[PDB]
Amino acid sequence: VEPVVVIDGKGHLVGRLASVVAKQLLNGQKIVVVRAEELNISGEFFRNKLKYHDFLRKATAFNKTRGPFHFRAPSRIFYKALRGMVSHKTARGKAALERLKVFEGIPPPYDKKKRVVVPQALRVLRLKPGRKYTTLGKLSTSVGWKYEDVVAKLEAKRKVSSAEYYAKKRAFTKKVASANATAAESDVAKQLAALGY
Amino acid sequence: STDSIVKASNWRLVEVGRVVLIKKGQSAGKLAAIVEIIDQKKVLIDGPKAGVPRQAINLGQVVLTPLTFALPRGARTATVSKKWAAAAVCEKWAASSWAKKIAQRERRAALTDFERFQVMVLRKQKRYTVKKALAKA
Amino acid sequence: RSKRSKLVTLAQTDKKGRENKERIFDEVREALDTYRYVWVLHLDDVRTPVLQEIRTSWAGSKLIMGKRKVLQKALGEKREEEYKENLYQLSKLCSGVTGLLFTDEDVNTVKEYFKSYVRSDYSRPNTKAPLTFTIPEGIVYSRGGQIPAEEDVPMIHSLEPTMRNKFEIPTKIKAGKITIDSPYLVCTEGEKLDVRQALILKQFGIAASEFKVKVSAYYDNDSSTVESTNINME
Amino acid sequence: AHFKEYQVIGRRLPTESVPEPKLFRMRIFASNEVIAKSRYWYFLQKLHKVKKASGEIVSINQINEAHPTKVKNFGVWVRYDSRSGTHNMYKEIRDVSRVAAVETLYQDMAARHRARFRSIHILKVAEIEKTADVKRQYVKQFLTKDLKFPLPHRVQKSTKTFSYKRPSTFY
Amino acid sequence: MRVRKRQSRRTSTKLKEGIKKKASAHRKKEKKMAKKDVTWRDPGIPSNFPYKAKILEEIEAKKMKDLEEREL
Amino acid sequence: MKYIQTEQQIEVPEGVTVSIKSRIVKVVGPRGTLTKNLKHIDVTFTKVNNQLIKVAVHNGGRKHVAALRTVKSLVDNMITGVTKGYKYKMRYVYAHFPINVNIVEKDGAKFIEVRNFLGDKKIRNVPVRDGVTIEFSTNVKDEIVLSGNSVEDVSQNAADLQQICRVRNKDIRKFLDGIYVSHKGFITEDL
RNA sequence: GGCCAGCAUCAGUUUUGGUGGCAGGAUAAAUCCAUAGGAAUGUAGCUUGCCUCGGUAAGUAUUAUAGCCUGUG
RNA sequence: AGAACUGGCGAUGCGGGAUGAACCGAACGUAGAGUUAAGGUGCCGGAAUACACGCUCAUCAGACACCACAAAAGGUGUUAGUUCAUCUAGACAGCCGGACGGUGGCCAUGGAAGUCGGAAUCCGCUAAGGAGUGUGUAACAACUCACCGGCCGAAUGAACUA
RNA sequence: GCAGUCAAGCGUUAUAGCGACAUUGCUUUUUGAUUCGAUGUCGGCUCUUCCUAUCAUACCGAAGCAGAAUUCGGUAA
RNA sequence: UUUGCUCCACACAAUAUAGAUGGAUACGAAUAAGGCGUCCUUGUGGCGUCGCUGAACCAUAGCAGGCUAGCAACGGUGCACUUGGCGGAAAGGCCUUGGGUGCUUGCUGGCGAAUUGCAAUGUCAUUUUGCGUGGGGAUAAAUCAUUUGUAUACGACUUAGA
Ligand SMILES: [Mg+2]
Ligand SMILES: [Mg+2]
Ligand SMILES: [Mg+2]
Ligand SMILES: [Mg+2]
Ligand SMILES: [Mg+2]
Ligand SMILES: [Mg+2]
């Protein structure tokens, strides 16, 4: 029901997340995806690397600059997985794709916003325990992405700032809960409890 | 402090006497007792107090509760009812925050328009009192 | 799939079955009626020539070996299943490698023979060391210095991996001869010996321990009671 | 479908000077009475030399489970068609009803042996009266005294597309 | 790390129709050879069933009854 | 077969304390502390008393129970390492060129330096892993001793030292020079 | 009166809920009650072994301080 | 390949099989409403990321025509079966002990003793032990396994089928 | 290739008929001695790329591989 | 190129087109584990409690929200100033100080609504390269043509000239 839905991409399966997001964009929901470098693909790392190398094989023989373009970043890998599910050569498909933003890490202003998850695409809820899986950041680094360390350092700095913010918020929440718990005996509180609130 | 320490990781156990909450079907929202284990996925349940018939059910159709009591394996419906009454399972369930949450959900769903207006008014009064108390500390 | 595969050998001797145990059972129960004194003997780690020597010296009697459980079942485990009266004590006195000696010879003669009989034996693991052994420095000989080295043939070079790995003895090969840099003490007199030390002593051929047949007790046909002998039971 | 057990009693058509033909009874698992009568005539022609056009159906009666709320161990003896010939098979099913045990067996045949309803013959379903006569480990493991087991890694079903909290698999 | 060319799994219409024709010819030849060739043309009780003794007693009783049911 | 429950036992001697939380095992004994990360296997650790620890798999298959036995063996090896230690003896032999083995310090990193293997001018260097000690033997010719609490580290260091001196492009039936592990055992020799 | 609608009562076709009365089967089987037997994945009790002051290990005991199964009504 | 008969197509649009001469459904005035066929219901894409019981992990699985590659061949992958055997007078593994005597059997060999070879391949004593299953020696020695026993204590092995 | 042999199986209650792996004979006999009818499409120059079924270069495994050289094989374009 | 160009307040004016109509409401990590509270000997610590969905939480009454009279409290909240700190991943936002000025439905009152006629989105939200009022701020280059050859088919490039 949010005007913009911010999805934390960590722990999600790429195909199922791409399917649900493509349907949301076609229905007309604005979606931002963050932390694409923490996405997961089921199956082993060598298998997924082999599939990407087959994709790398694909190219136009007489002029490589016309051929399929092999974008290495995890956000672009996810974008390819979603563009394959959107009919992107039509005006409707282009308009649906223009309701989507994908980023590595969490840049501003989304670092101060609420981030949600998609349970039907979550790895711990979908995959059977013991099945191997692949991390998108490692796959992208193996196929040529060169910004994993920069993203890691920036994410660590963001995590420190967010931990300090959460500590202050938890102290305030404890104070509010203490102030609210001492008024549970009032007649107003009894009436609200009778009505269910 | 020269003793080994291992985390327990407590789980609800599928066993005879385990109290289950049925979440779908004809008897959704009621309590029953596990009388006998059939296999990894199916058990036998009996719910004589809430009107749940003695039946074989899939474990995915119920959710285990922390409550448990003493029950012989394969006990008939009358024995299950007697043991349920002796252990007083219903009161111990009603005292839990889970059942209070269920009751609150049902009460809020059953509220009317006038009652929602009264809830808003009472919330405003409580908000004024709570904010006044909180600003001092 | 994914199981261990059993090694296949083409030999001439096949395995025994229940019929052999049945034959031993029947022979024991016939000898119980045939003879008069039934002795229980302990013969652990006995050499077959020594056992055959005992059999030859006891001509006319019977010595029956086999599975201890089979012999006890033949004698009768309890009182309601015993072949003869008060035989359950003799049956439960069996332990380990048990031999049943059926005879008509005098009790005093049997005791005298089993107290005066002894043979040299290899030192066994978990037994007291009868001597102190140290392989001398230099070329290792087959006797390891027990006899003069000039008399002794040098140790064959093929045993060097066995001495280095199994026996854990630091050895080298110089011009096809097994050599050690310093004298190697293996066992000390009056000390419990393990499997490796027993193997080293057996390989060098030192036989200073003694084998004495142990006599637990015996049962008499006419008196129908068991008398404890307590012979070589130290 | 959901199997039901029927008894079908039939006979040859009575003829001149040969009256009162002998009655034959079969216990048939089927979803309905039309299928039950078809199976009865098929098996009667396969075993005896009786044809449907020469015989008649005297009675067909549904057989209910005597104690449907009692957990039981079942031994199921079946045979199936093959190019080599007819092969026996014995299975053990822990269930509270003969029809549900038969349904479990049919699903197991469809999953493992790639078999079909018309090719599978139910020869005998017998309750194992004594626990010592059960001889399959996957059934014997549930007959142990004071049996308890957890259900680790619980997956809950969400009715909404987006969740505002990271899920937990505790139980 | 040089990945080779993968074999296609896209169905070819001509191959599919040719397979249909080849299968029909194979079935006709199998029927002809089965009719033409010259070759000569009850597993009992499974051992794992518990009440084998009861089954054997019942079938022995049935045999003993049917021995005399036709004679007299 | 999907067994309902499969378990293994781990016996803890008196001087050893073992702490387990989310499959991060810490073992403390007289000789020091060891840590293991077992988050790649789904097992449940239970404590019944201060001398026994159970490890269990619920509703598992063949690979799962194999991993269960492997986990038990790894924890037993950690306990053995903290209570007795591990000690590998290696011998180096040569035909004509005396092999020279030394301990060197390259920015405080403790390398093992091998010179004159088959007369080579190349200097071979094997780093010493953290927690293992290297000592040239007494009254034994051409012997190295590697000791430590981690059997994996000690054995891997010995394997690296053995493999750094492979003979290349020669008949190994004739050329017998090399560094070979001669003995494996424990540091403590009370009995 | 021309344009566009809204509601009500009907008619034709159709879709989707709630609720009532009957009939058959083993005149459902069950649950439940009564009665008679039986065993163990053996409840109370008893014995001995030796265990953190009695919780257990193994023999006995078929309802006892739990219960279960089968037959009949 | 040669005969007999009957269907589909040419003259024919429509739904489905991604795409199509013979495949599945269905034959056609202009429209509205309802229900379906065949095929489908993660997204492209209208329609359950439905429910339920099992199987599978593929260093380019599979989602296929049911023909061929295909020897129903190979695999210490996995699951379910069938038929035979061993088993508390002791199951599979493991460790330890025994593993003998005539005898270094006869011929041959520079040498050949169970083990380079050629033919006999026996008897005794046994719980059991081959005129020897392999390593080894110039020959012996030594080890081993065939077999038996002691400790351990509950199931296990083999051959097939899917 | 033809003709035959054997038998792990398949088949049978009529030792009929199929039949994997093996194997024999002819082609082809012992002392390393001493060109025979393509009936209708071929080869170059320049220049690019691809396959691997690898000749060389890299790294490995085996072999009476002493060394040197070489043989067989694996990954590899 | 008939005072051109640019922001700061305030009047008139129009303006809000892949689709506002209460609020995109910020820990991290694990899931065969965690969140919160509390205590100590601060740890892989003890005790208590929670989940089983956001079906939440916060806001939400007044001519689309008027005009006035009080009671209680010293709280909440809007606007324009103002104090200081933080934020560079695309920071363009987060927190905070002090007065001012309003409102307050925390509670009690009094006046007004009608006729849009029985419904018809029945129009309610930032930005405005438009003008009028005005207080302030600053007074450039590029191209053609000429010219060089480190450049060049032509364009282009590289130089120089008040
Ligand atoms: Mg590049
Ligand atoms: Mg109507
Ligand atoms: Mg759709
Ligand atoms: Mg081919
Ligand atoms: Mg190749
Ligand atoms: Mg008003």
Side-chain angles (χ1 to χ4, degrees), chain A residues 2-6 16 19 22-23 28 46-47 50-51 54 85-87 95 105 107-109 111-115 120 124 154 159 162-163 165-166, chain B residues 5 9 54 63 72 74-75 77-79 97-98 105 108-109 117 120 124-125 128 131-132 135, chain C residues 1-3 5 9-13 15 21 25 45 48-49 52 55 65-67 69-70 73 96-97 156 158-159, chain D residues 62 64-69 87-89 104 107-108 111-113 131 143-145 152-153 156 158 163-165 168-170, chain E residues 6 11 13 16 19-20 22-23 26 38-40 47, chain F residues 19 21-22 24 26 42-44 171 174:
Chain A
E2 298 176 353
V4 180
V5 176
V6 188
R16 301 183 178 265
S19 185
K23 197 50 176 182
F46 53 83
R47 284 186 61 90
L50 217 65
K51 295 184 179 185
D54 193 69
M85 306 173 187
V86 174
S87 175
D111 47 0
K112 292 171 179 290
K113 297 297 181 177
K114 181 64 177 177
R115 302 172 289 270
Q120 66 186 21
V124 302
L154 292 178
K159 285 182 196 303
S162 185
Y165 148 77
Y166 176 72
Chain B
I5 163 168
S9 174
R54 189 179 179 99
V63 296
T77 299
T79 303
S97 298
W98 188 352
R105 193 187 302 116
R108 285 188 179 185
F117 180 77
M120 177 183 61
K124 294 169 71 62
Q125 297 183 6
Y128 194 91
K131 288 299 178 64
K132 188 177 64 171
Chain C
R1 315 294 290 283
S2 194
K3 66 173 187 58
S5 186
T9 63
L10 303 184
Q12 288 291 334
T13 299
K15 273 175 183 178
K21 291 179 295 185
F25 187 95
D45 302 326
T48 304
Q52 292 168 349
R55 293 178 180 268
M65 321 279 287
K67 273 185 172 181
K69 311 293 290 184
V70 177
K73 199 67 174 297
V97 183
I156 191 60
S158 306
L159 293 175
Chain D
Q62 195 175 2
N64 291 317
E65 189 70 22
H67 307 269
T69 56
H87 297 169
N88 282 334
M89 179 171 292
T104 297
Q107 290 299 121
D108 184 78
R112 287 188 164 98
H113 206 271
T131 66
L143 307 177
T144 317
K145 181 66 168 302
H153 196 82
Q156 287 167 345
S158 184
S163 174
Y164 295 87
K165 182 176 177 49
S168 182
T169 57
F170 92 102
Chain E
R6 184 182 164 270
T11 311
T13 297
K16 189 168 59 183
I19 285 180
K20 284 253 296 180
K22 190 193 284 283
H26 170 265
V38 181
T39 294
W40 294 348
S47 301
Chain F
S19 73
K21 182 175 185 302
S22 67
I24 308 293
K26 187 162 63 63
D42 287 316
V43 293
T44 299
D171 194 354
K174 193 83 172 66

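A, B, ... follow the sequence lines: proteins, then strands. Residue 1 opens every chain.
Contact annotation for B/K124: base contact, defined as any heavy-atom pair under 4.0 Å involving a base atom. Counting any heavy atom pair closer than 4.0 Å across all strands shown, D/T144 reaches a base atom. Counting any heavy atom pair closer than 4.0 Å across all strands shown, B/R54 reaches no nucleic acid atom.
Between the side chain of D/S168 and the base of J/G51, at least one donor-acceptor pair of N or O atoms lies under 3.5 Å. The base of H/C64 sits within donor-acceptor range of the side chain of E/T11, with an N or O pair under 3.5 Å. Side-chain to base pairing of A/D54 with H/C60: one donor and one acceptor N or O lie within less than 3.5 Å of each other. Between the side chain of E/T13 and the base of H/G20, a donor-acceptor pair under 3.5 Å is found. In this model, no side-chain donor or acceptor of D/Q156 finds a partner on the base of J/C52 within 3.5 Å.
Across H/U133, H/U137, J/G106, the shortest atom-to-atom separation from the side chain of B/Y128 is found for J/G106. Out of G/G42, G/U31, J/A61, the shortest distance to the side chain of D/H67 is found at G/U31. Here H/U76 is the nucleotide among J/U31, J/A24, H/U76 with the atom lying nearest to any side-chain atom of C/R1. Of the candidates G/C33, J/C36, H/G130, the closest approach to any side-chain atom of C/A11 belongs to H/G130.
A glycosidic torsion no more than 90° from 0 defines the syn conformation, and G/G25 adopts it. For J/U115, the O4'-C1' to base torsion is within 90° of 0; the nucleotide is therefore syn.
The stacking criteria are not both satisfied for E/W40 over the base of I/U12, which would need a centre-to-centre distance under 5.5 angstrom and an angle between ring planes under 30 degrees. In this structure, the aromatic ring of A/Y165 is positioned over the six-membered ring of the base of J/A26, centres within 5.5 Å and planes within 30°.
Here J/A56 sits opposite J/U25 as a Watson-Crick or G-U wobble pair (both hydrogen-bonding atom distances under 3.5 Å).
G/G24 and H/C23 have their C1' atoms separated by 49 Å, given to the nearest Å. The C1' atoms of J/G85 and J/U97 are separated by 11 Å, rounded to the nearest whole Å. Comparing H/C92 with H/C147, their P atoms are spaced 12 Å from each other, to the whole Å.
Look at B/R108 and you won't find any side-chain N or O under 4.0 angstrom from OP1 or OP2 of J/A55.
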